[PDB]
Protein chains: 10
Amino acid sequence: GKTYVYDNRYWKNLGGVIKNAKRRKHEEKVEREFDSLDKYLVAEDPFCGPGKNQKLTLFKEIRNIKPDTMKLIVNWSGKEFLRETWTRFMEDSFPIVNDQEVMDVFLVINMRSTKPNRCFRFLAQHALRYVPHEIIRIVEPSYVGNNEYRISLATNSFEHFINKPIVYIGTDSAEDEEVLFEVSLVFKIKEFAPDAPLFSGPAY
Amino acid sequence: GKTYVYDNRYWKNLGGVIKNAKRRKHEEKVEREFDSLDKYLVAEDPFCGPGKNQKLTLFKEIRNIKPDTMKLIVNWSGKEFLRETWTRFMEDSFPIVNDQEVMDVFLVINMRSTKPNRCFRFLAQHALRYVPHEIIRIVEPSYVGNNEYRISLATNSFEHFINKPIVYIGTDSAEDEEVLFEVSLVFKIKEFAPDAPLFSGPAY
Amino acid sequence: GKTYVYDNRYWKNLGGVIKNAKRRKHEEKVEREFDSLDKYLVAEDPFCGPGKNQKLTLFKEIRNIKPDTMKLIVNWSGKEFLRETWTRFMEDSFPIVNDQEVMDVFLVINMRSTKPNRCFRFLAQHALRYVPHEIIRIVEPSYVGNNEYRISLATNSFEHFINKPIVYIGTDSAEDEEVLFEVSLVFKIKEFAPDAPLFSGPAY
Amino acid sequence: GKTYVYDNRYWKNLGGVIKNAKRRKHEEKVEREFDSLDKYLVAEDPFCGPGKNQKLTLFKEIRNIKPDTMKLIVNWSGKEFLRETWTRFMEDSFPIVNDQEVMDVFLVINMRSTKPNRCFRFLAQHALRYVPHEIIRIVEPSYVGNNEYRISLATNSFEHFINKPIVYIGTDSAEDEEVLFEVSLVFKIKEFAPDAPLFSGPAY
Amino acid sequence: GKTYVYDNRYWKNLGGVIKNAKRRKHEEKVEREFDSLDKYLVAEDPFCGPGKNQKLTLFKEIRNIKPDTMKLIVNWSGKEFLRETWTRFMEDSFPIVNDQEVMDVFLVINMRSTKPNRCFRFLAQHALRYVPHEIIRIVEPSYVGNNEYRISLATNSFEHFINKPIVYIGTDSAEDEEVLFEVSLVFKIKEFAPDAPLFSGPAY
Amino acid sequence: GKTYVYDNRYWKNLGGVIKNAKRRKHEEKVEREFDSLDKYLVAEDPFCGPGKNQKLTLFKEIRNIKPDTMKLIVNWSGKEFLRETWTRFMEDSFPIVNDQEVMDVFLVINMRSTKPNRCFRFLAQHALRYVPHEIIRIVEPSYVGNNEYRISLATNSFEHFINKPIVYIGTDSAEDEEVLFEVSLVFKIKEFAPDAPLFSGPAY
Amino acid sequence: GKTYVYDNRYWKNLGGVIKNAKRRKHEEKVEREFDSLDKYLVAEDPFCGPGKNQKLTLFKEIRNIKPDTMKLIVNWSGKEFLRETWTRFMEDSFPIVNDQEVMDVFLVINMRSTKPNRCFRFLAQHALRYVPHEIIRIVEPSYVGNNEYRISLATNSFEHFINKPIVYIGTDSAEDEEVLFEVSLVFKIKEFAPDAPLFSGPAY
Amino acid sequence: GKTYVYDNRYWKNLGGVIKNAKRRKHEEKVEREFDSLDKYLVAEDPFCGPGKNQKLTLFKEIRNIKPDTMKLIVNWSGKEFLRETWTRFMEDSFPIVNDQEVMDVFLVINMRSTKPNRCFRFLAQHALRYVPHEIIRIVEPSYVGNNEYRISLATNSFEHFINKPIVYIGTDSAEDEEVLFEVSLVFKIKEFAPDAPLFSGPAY
Amino acid sequence: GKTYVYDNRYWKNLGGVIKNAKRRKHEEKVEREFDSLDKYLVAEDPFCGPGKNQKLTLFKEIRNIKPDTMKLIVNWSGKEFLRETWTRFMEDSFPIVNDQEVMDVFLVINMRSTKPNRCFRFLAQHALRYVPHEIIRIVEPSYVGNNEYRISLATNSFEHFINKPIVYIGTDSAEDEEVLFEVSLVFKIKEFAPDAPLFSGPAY
Amino acid sequence: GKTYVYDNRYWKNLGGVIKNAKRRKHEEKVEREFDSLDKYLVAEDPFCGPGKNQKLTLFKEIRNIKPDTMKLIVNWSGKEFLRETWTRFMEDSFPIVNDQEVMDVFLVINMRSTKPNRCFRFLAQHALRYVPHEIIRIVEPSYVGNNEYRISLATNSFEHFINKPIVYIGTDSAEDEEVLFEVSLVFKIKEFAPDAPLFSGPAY
């Protein structure tokens, strides 16, 4: 909306005028509700939150899950979990260019039905520890939101790094369900890249 | 609302979070209405609008007004209107310090009942011209908004300036009403004061 | 609602009581919106506004208008416009009884389709000036609100008065439209009739 | 909102214009509801109603009230009730200056817990009559609105005046409650004071 | 909603948090309406109000009522009304155990159609007085709310008690209606039962 | 929605039927509000209104504006304003093909910050007149709607045409602001182009 | 709302301007609902639908109907139904002027209580066929909407035409009801009247 | 929304949490309304309903229709209607590959004005029968929804098939209207195509 | 809602049809709000969340709490806290059948007034550590939601297990309050029970 | 609202009566939504939460921040961070009177523009660890809520205490911004002050 002048008389667009007056009528009762809600905090979703996301997809797996049960998705020994974590991270990352901090590593389980027209929810339980059972019964599980369960797990060579998370998935289905799993390690990276360019040798 | 950090996890106040989400739900349908209203303009009230207000109060007057009639409020000759305008303006204004433009001069009629507990509206009619009638009948008058009728009227000595507005007021009352009038000239002044200070002599 | 008295106890009608309490709940947020809207002004429609209306109907005319064009409605010379204005005004007005002021003269064009079941809008353009074109093309016209275009045009004998407005009308139609026009001069009269009676001769 | 005049064109404030139009849209369906409610009456609260209030505070009293019971608050004989009424009224009132009518006398019981953080309601029962019981059981009592029970009770010397209300209070509490009582006589006075001044002797 | 503690961080249930914030947004405009309504009073329904209800059913009666008329329901002489009142009250009440006050006696008329699928309202009129007419015409009657008309009527032997209310009922029906009546005396009793037990003789 | 016929029975689409019935429920209370609003008028925005727009961009300019001050944007003498107006208009327009009327000429000032992330409003004042001050103090300015101030300013050779508007701009900022200005003359042209084609010579 | 012109400035009525802007805000979400409802059809009421209505009233009848039963309303043999249909139709219709088609014939039963102040609904059942029972019990009847049951029944002399519908009505009443019946044949006529006048002999 | 795990604590997205809680507040009162509406049925639009649509466009036609009249659109004899139906169907359909059922044949009349800017509705009447009148008067017609009237009409060679619908269209216009018609036969086909492929000869 | 077929015409229940159309009108603006809220997370209540609840009730205790103070609820030494935790857990749990993980142990304080009709809130403070004070003053306490404060505390014999939490509770009351406490250890158990049955010896 | 008694009839204020009835109409659907929201928890803001706040302001600092970059705010070595923490805490705190627990220490960064009329948001990133870069590029930062970033950092002499947090701040601005920083350590103190007075020596 603009300002017009016609012989020392000032003129404004009608829309802008009605908008400004309605903005005074609309603008503190909601602010009182928000001010009381401000005494409390919510955590930011890590994948939408600060730091880079780095999804290292480890494998795919298929399991046929019986009703009221859960099947073991991953059974690595501590050394194998560390070998896979180090190897996949370093192979993907190299060269590690800047000073960086690994904020967290999430063991992410993506799950989907191998068959269409199926209506059920996913149930999960993990343990951060020993040979676990392949099949367990469902007891007060975690109800998976959508198709993803995200577990926070909190060098030169793998040997120098050396010098285990387990997950069960079931469904609330009354029939056997064939489920396709995709297991990944999602690293949260805080990169400290200087405001300095890359020069071809020699510099200057 | 602030940002908290607890072991690489980010936290925001609940109120601010709900406010931002509701701000997305609330924010274009009203903008469509305003965009069509923007094809038209409204004039700014001059007394609330640009330029200074300078109210030169001329006189007070009392008239007893009969139903269906209007009484003449001011009967100056052209020369007397000019004498009063020049004299009151210059006496009040002097010294006229800066380059200025008289944007307009309003002949303002403020009116009120001399008696309380009276419920009626004011009716007005003016002419920019001859000896007018003292009392006229009411014919398609202007209905005064509140108690004020504001008429836009569009040197060294008064003689150098030389080298008339009339107003009628009535009421919609069914009984005689005694009305107190206050007549003023409200000048709209556009002042062009330089960004320069006032120094005592000699300057610098 | 009335007031009853039963043995020093006072009684009021239930409706009036609920109305007064709801009047306190209903009565300032809207006033804030109106107070901001009060910084701006709107003009009063002249025909609904102060002063008398005097519609001097001049003529009727029929034109067949082609799509994307406008036809000239009136082609009087300056002298003919003045002859018609003076003659129609004085013939209708005489005797002019009181002191009066011609506030304005509107050249009013009333237009209608000569055929029913037609759905289109009227388009107009005027000039206050030379022989104009009979037919022009439509270029950024004025969209007529309803069926009327109202143009503000801002003595003893016609000779003593001596001692031109042109109008084009088109439609937004995709077919030829036959339009009936009624052209009038609407005078806005500010009458100053004294509060004095008419007496048969001799007075008193 | 005012009325401006610019070259025979009339102008009004936008807010006032929108307010008047919305006042036509808002203003009879509610009036139909109120008109039916007007077939019935409500009594005016006497303390908020006509006539003066004159609160003669008689005494304070503390009682420990057991659950499901009520304790007697006042046990005056008829003569003592009359002695206290006459004495307190005349001592406070003298000189009785004008012609006046005692519209009513209310025996008012104000009650409060002597302890904070107590949540219960007060229960009451009176009799207008004999030695009453000190403690009664609660049977269909009056539930006291807030902390006050107000009972309408409908000369030269006390002897010339000669020539009883009882009250029980309990609570809906499940524990013993210690209650502080304040008992008063609230007179409703209709004063007939002439429109005549007070002069020092001699008058005129 | 509870309070959780996790490593010096405090946690509250989300529902309780949203409820408390909305309680601040919801909580004084309605209180302004209620505060004005508080200048007036309403009477408590006596049967729902303080004191015991004691319904002494006297008789049943059937009358065939013609349109625009009312039939006399009860025609006792003053002595018979008193005999029936005393006898029914004392027979039902004995033994009268405690000090009690008869707050009021209501003559209650319960009425119903002896036939189903009838749609009409009941009309009533009483007199507190002589042999009344059996059949009267309807003139500005009381419109009975539902099926009940409740009239407030404001010892050792009946002889010692010695040492009349009449009622008409009609309908707004355009046909004859057969109506079954049930007439009762509803006593409102204020019982003053001491907080003292009943002991078998001898006490203590 | 269509019309079906099945054995002399007529059928219509359910949506159209519900739409027509809801159109009767929705369609006069709002019309009462609009009818009262129709006693007043609004001006059409000239750039969105009738007649062609012809923006002759004159120059760009940069000024660093101090808080509480305004800088002079244009300082042409009367002859230079006329030279620039005539030259830019004729150079752009030639050949002027049809009979046309210059409805108005707007001196348009477009303004923007040369720096991003600045939050302030523009303030303006003009004069239609002498050497004005370069820098003035802000006194009751016009608050610019958005980034544009539009001033209505109300032949063979420039010599034959012969035979000034000034503008100040400031900001409501508390710091110095560097502002880029674009100054243009926006002509409003009423073109009277005949419904006649352009033919190559010779015609017919 | 009209269009005013004041010195090349265009003006429109405020009401029309606000109405057009609100028409943009109000006008597709409801259209989505109607578009889905348009996948389905509703039949037009035949009496409100195409073709003429011709109500041939046959007779009146009174029946006293017992609760939970229905009484036979019409007991014509096939020949009597045809005699009455042909005779009433031809007597009323003659002369049959144009080519016409009998779209349908409805056997219409209008029913009302002979007594006022009765509240019940009508129940119906028909058969298109033998001597039916006079009185049947009610078994899953048709609940009559209001007071009408409308049954679609799908020449020179009656003999040339030659060369039966039965109806039961009951009520949901718990008492005997006396019902007045009006039985009619409502013909739906599709008239094919040419666009040709009626001339007195001889034509032309 | 997903599920996060941080040191045996479970976490869900705030949006999903608020959505699930609001889904409990929103979800039976509307179901009660729908349950009562479920006692009734609506027919599916046949062109949007089951079975294939096969539009065999027969011809175009133009008629000038006088006010209050209808013109005959199609005048085929029974044999010509059958010849055109058989020929157009078989020519378009051949080869008829599968077992199929002709569910219905609709005689569809599409109508439009040959001129723009016309505002009127279409009126229709058909007969399933003789030489009809070319022009009839309008008597209780069918009001066409939009521009389409759809009439349900309920072998080796045409001779083997052997071994009539008429339609009138008018308008509600007060002037003559020139209307363009498009007449088609829309077949509703229920195709029974086996789940078997098409093989080139020889199969297998 | 079902599907009916009547002579190749398809029919659906009216309720289902209106429900489906309203489902299109109701179903994305709320989803935008939820999508922004999904950038944040909320923790699941542990007692309503995954894993079993095991409430080991330790003791009951009564304390009389003075205003503005808190009393120590539990004063075990580190060894006594461990003895009680181990003993109560193992006595209740044995036999521990499956592989299980103690997700957390909550020290739960349930508190209630020993007296009814008391209105106050509970205040709490704990320390995870030394002989604490029996009575402390209230300084920025935790306001207990309802009546429960839940503190997360984060083998063969007790000796093998070997080879302290303190809590204060106060009230916001202005009087001394006698409070009954119930102290428990609520274990969160993640049970890994195989999908294997229990067999009587010998198995198979 | 109170309780009045007039001749055994009970009376209550109209407002209180309407309020109680509306309280029954208003009071469980919202409780269902809150009950589902109660399955989840929110953390209390620590500065608004339990325990004392103790803001030890360390220093002020000014940085000119380039777009898309962040500047290092604090570069203390581990020993300097500990020296400053210990010294500022002990100097302010002494004498430490009661048994107290340091619940947490927040490194708080308050930031503001040194210039007014700037519109941008603050971006932050920290590390809890080595010489960091002075200037880094912005990569998935934390968006600061308002002007504060609050980092939880989770004796006799400083030597006895002995026997590092880094922060970067940038803006989302497209220009260089000069930012004033205020860095503080906010301690959360849980004070255990006994309910015991301070006596002058000797006590008692």
# chains A, B, ... in the order shown; residues from 1 in each chain; ligands from 1

$ interface_residues --of "chain E" --to "chain A" --cutoff "9 Å" --atoms "only C-alpha atoms" --output "ChimeraX atom specification"
/E:11-12,17-18,20-26

$ write_last_selection --atoms "N, CA and C atoms" --output "PDB file, in the first residue's frame"
ATOM      1  N   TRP E  11      10.379 -32.502  35.684  1.00  0.00           N
ATOM      2  CA  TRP E  11       9.490 -32.891  34.592  1.00  0.00           C
ATOM      3  C   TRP E  11       8.043 -32.976  35.022  1.00  0.00           C
ATOM      4  N   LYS E  12       7.144 -32.444  34.176  1.00  0.00           N
ATOM      5  CA  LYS E  12       5.699 -32.455  34.438  1.00  0.00           C
ATOM      6  C   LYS E  12       4.972 -33.004  33.241  1.00  0.00           C
ATOM      7  N   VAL E  17       0.163 -29.331  32.022  1.00  0.00           N
ATOM      8  CA  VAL E  17       0.846 -28.114  31.583  1.00  0.00           C
ATOM      9  C   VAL E  17      -0.034 -27.303  30.614  1.00  0.00           C
ATOM     10  N   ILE E  18      -0.648 -27.976  29.629  1.00  0.00           N
ATOM     11  CA  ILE E  18      -1.543 -27.342  28.656  1.00  0.00           C
ATOM     12  C   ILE E  18      -2.848 -26.882  29.340  1.00  0.00           C
ATOM     13  N   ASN E  20      -3.227 -25.978  32.617  1.00  0.00           N
ATOM     14  CA  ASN E  20      -2.913 -24.803  33.438  1.00  0.00           C
ATOM     15  C   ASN E  20      -2.777 -23.537  32.601  1.00  0.00           C
ATOM     16  N   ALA E  21      -2.155 -23.643  31.407  1.00  0.00           N
ATOM     17  CA  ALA E  21      -1.978 -22.505  30.498  1.00  0.00           C
ATOM     18  C   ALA E  21      -3.306 -22.057  29.883  1.00  0.00           C
ATOM     19  N   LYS E  22      -4.187 -23.015  29.543  1.00  0.00           N
ATOM     20  CA  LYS E  22      -5.509 -22.716  28.993  1.00  0.00           C
ATOM     21  C   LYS E  22      -6.429 -22.149  30.082  1.00  0.00           C
ATOM     22  N   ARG E  23      -6.181 -22.516  31.368  1.00  0.00           N
ATOM     23  CA  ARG E  23      -6.932 -22.024  32.529  1.00  0.00           C
ATOM     24  C   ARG E  23      -6.637 -20.544  32.769  1.00  0.00           C
ATOM     25  N   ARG E  24      -5.443 -20.075  32.358  1.00  0.00           N
ATOM     26  CA  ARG E  24      -5.051 -18.672  32.463  1.00  0.00           C
ATOM     27  C   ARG E  24      -5.706 -17.879  31.328  1.00  0.00           C
ATOM     28  N   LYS E  25      -5.804 -18.480  30.121  1.00  0.00           N
ATOM     29  CA  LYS E  25      -6.430 -17.862  28.950  1.00  0.00           C
ATOM     30  C   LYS E  25      -7.947 -17.730  29.116  1.00  0.00           C
ATOM     31  N   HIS E  26      -8.597 -18.737  29.740  1.00  0.00           N
ATOM     32  CA  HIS E  26     -10.044 -18.779  29.970  1.00  0.00           C
ATOM     33  C   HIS E  26     -10.499 -17.854  31.102  1.00  0.00           C
TER      34      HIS E  26
END

$ residues_around --residues "segment 88-103 of chain A" --least-positions-apart "4" --cutoff "8 Å" --atoms "only C-alpha atoms" --output "VMD selection string"
(chain A and resid 51 56 58 84 187 to 194) or (chain B and resid 8) or (chain J and resid 127)

$ atom_distance --atom1 "atom CA of residue 107 of chain F" --atom2 "atom CA of residue 46 of chain F"
12.9 Å

$ atom_distance --atom1 "atom CA of residue 158 of chain C" --atom2 "atom CA of residue 85 of chain C"
9.8 Å

$ select_by_dssp --residues "chain D" --states "helix (DSSP H, G or I)" --output "number ranges by chain"
D: 14-26, 29-37, 78-93, 158-162

$ write_last_selection --atoms "C-alpha atoms" --output "PDB file, in the first residue's frame"
ATOM      1  CA  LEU D  14     -13.990   6.009   8.390  1.00  0.00           C
ATOM      2  CA  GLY D  15     -14.318   4.450  11.873  1.00  0.00           C
ATOM      3  CA  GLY D  16     -17.619   6.187  12.649  1.00  0.00           C
ATOM      4  CA  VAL D  17     -18.931   5.152   9.203  1.00  0.00           C
ATOM      5  CA  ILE D  18     -18.043   1.440   9.754  1.00  0.00           C
ATOM      6  CA  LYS D  19     -19.410   1.618  13.361  1.00  0.00           C
ATOM      7  CA  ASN D  20     -22.820   3.019  12.180  1.00  0.00           C
ATOM      8  CA  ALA D  21     -23.111   0.347   9.428  1.00  0.00           C
ATOM      9  CA  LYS D  22     -22.209  -2.493  11.858  1.00  0.00           C
ATOM     10  CA  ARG D  23     -24.760  -1.002  14.364  1.00  0.00           C
ATOM     11  CA  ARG D  24     -27.477  -1.584  11.708  1.00  0.00           C
ATOM     12  CA  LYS D  25     -26.273  -5.208  11.137  1.00  0.00           C
ATOM     13  CA  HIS D  26     -26.163  -5.950  14.930  1.00  0.00           C
ATOM     14  CA  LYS D  29     -33.998 -11.688  17.894  1.00  0.00           C
ATOM     15  CA  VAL D  30     -32.472 -11.118  21.382  1.00  0.00           C
ATOM     16  CA  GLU D  31     -35.335  -8.641  22.129  1.00  0.00           C
ATOM     17  CA  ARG D  32     -37.851 -11.516  21.496  1.00  0.00           C
ATOM     18  CA  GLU D  33     -36.047 -13.598  24.182  1.00  0.00           C
ATOM     19  CA  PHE D  34     -35.978 -10.597  26.585  1.00  0.00           C
ATOM     20  CA  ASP D  35     -39.705  -9.834  25.888  1.00  0.00           C
ATOM     21  CA  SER D  36     -40.656 -13.384  27.011  1.00  0.00           C
ATOM     22  CA  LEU D  37     -38.319 -13.088  30.055  1.00  0.00           C
ATOM     23  CA  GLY D  78     -37.300 -11.873  73.643  1.00  0.00           C
ATOM     24  CA  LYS D  79     -36.678  -8.915  76.049  1.00  0.00           C
ATOM     25  CA  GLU D  80     -32.851  -9.093  75.542  1.00  0.00           C
ATOM     26  CA  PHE D  81     -33.240  -9.186  71.753  1.00  0.00           C
ATOM     27  CA  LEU D  82     -35.469  -6.081  72.018  1.00  0.00           C
ATOM     28  CA  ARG D  83     -33.131  -4.327  74.525  1.00  0.00           C
ATOM     29  CA  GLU D  84     -30.093  -4.870  72.259  1.00  0.00           C
ATOM     30  CA  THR D  85     -32.041  -3.873  69.071  1.00  0.00           C
ATOM     31  CA  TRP D  86     -33.451  -0.636  70.651  1.00  0.00           C
ATOM     32  CA  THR D  87     -30.228   0.371  72.487  1.00  0.00           C
ATOM     33  CA  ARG D  88     -27.822  -0.187  69.537  1.00  0.00           C
ATOM     34  CA  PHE D  89     -30.205   1.457  67.062  1.00  0.00           C
ATOM     35  CA  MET D  90     -30.940   4.567  69.216  1.00  0.00           C
ATOM     36  CA  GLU D  91     -27.316   5.041  70.464  1.00  0.00           C
ATOM     37  CA  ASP D  92     -26.031   4.990  66.865  1.00  0.00           C
ATOM     38  CA  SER D  93     -28.923   6.958  65.288  1.00  0.00           C
ATOM     39  CA  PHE D 158     -36.662   1.266  75.990  1.00  0.00           C
ATOM     40  CA  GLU D 159     -39.598   1.001  78.530  1.00  0.00           C
ATOM     41  CA  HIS D 160     -41.864   3.075  76.181  1.00  0.00           C
ATOM     42  CA  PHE D 161     -40.801   0.803  73.278  1.00  0.00           C
ATOM     43  CA  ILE D 162     -41.760  -2.318  75.350  1.00  0.00           C
TER      44      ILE D 162
END

$ atom_distance --atom1 "atom CA of residue 138 of chain G" --atom2 "atom CA of residue 166 of chain G"
15.6 Å

$ residues_around --residues "segment 65-67 of chain G" --least-positions-apart "2" --cutoff "6 Å" --atoms "only C-alpha atoms" --output "PyMOL selection string"
chain G and resi 69+173-177

$ residues_around --residues "segment 139-155 of chain A" --least-positions-apart "6" --cutoff "7 Å" --atoms "only C-alpha atoms" --output "MDAnalysis selection string"
(chainID A and resid 104:112 122:125 161) or (chainID H and resid 1:6) or (chainID I and resid 50:52 191)

$ write_last_selection --atoms "N, CA and C atoms" --output "compact mmCIF listing (two decimals), in the first residue's frame"
# COMPACT_ATOMS: atom_id res chain seq x y z
N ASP A 104 26.65 -37.47 18.50
CA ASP A 104 25.92 -38.70 18.78
C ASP A 104 25.92 -39.59 17.56
N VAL A 105 25.61 -40.87 17.79
CA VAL A 105 25.46 -41.88 16.75
C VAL A 105 24.13 -42.54 17.04
N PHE A 106 23.24 -42.54 16.05
CA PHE A 106 21.96 -43.19 16.20
C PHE A 106 21.94 -44.49 15.44
N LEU A 107 21.49 -45.57 16.10
CA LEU A 107 21.27 -46.83 15.40
C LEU A 107 19.80 -46.71 14.94
N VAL A 108 19.60 -46.54 13.63
CA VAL A 108 18.27 -46.34 13.03
C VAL A 108 17.76 -47.59 12.36
N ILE A 109 16.53 -48.00 12.71
CA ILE A 109 15.86 -49.16 12.14
C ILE A 109 14.67 -48.67 11.33
N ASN A 110 14.75 -48.81 9.99
CA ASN A 110 13.63 -48.46 9.11
C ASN A 110 12.94 -49.78 8.79
N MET A 111 11.61 -49.83 8.91
CA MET A 111 10.86 -51.06 8.71
C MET A 111 9.62 -50.85 7.86
N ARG A 112 9.34 -51.81 6.99
CA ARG A 112 8.16 -51.76 6.13
C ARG A 112 7.67 -53.16 5.82
N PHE A 122 4.15 -50.98 14.26
CA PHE A 122 5.39 -51.62 14.65
C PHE A 122 5.66 -51.43 16.14
N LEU A 123 6.23 -52.48 16.77
CA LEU A 123 6.57 -52.51 18.19
C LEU A 123 8.05 -52.82 18.29
N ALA A 124 8.74 -52.16 19.21
CA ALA A 124 10.18 -52.29 19.33
C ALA A 124 10.66 -52.34 20.76
N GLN A 125 11.85 -52.93 20.94
CA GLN A 125 12.61 -52.96 22.19
C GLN A 125 14.05 -53.25 21.88
N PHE A 161 41.82 -47.63 17.23
CA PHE A 161 40.52 -47.27 17.77
C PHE A 161 40.15 -48.23 18.92
N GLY H 1 5.90 -38.95 12.28
CA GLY H 1 6.50 -38.80 13.60
C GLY H 1 7.18 -40.09 14.03
N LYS H 2 8.41 -40.01 14.54
CA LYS H 2 9.17 -41.20 14.91
C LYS H 2 9.27 -41.45 16.42
N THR H 3 10.04 -42.49 16.79
CA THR H 3 10.34 -42.84 18.17
C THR H 3 11.85 -42.79 18.38
N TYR H 4 12.27 -41.95 19.31
CA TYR H 4 13.66 -41.83 19.71
C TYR H 4 13.84 -42.47 21.06
N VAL H 5 15.04 -43.00 21.28
CA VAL H 5 15.48 -43.56 22.54
C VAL H 5 16.77 -42.85 22.93
N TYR H 6 16.79 -42.28 24.15
CA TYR H 6 17.93 -41.64 24.80
C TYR H 6 17.99 -42.25 26.19
N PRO I 50 7.27 -47.77 27.94
CA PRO I 50 7.78 -49.16 27.82
C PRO I 50 8.36 -49.74 29.10
N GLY I 51 8.38 -51.07 29.18
CA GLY I 51 8.90 -51.79 30.33
C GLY I 51 7.86 -51.93 31.42
N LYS I 52 8.00 -52.98 32.22
CA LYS I 52 7.12 -53.32 33.34
C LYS I 52 7.31 -52.35 34.49
N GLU I 191 11.85 -56.89 30.21
CA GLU I 191 11.89 -58.35 30.22
C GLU I 191 12.11 -58.92 28.82
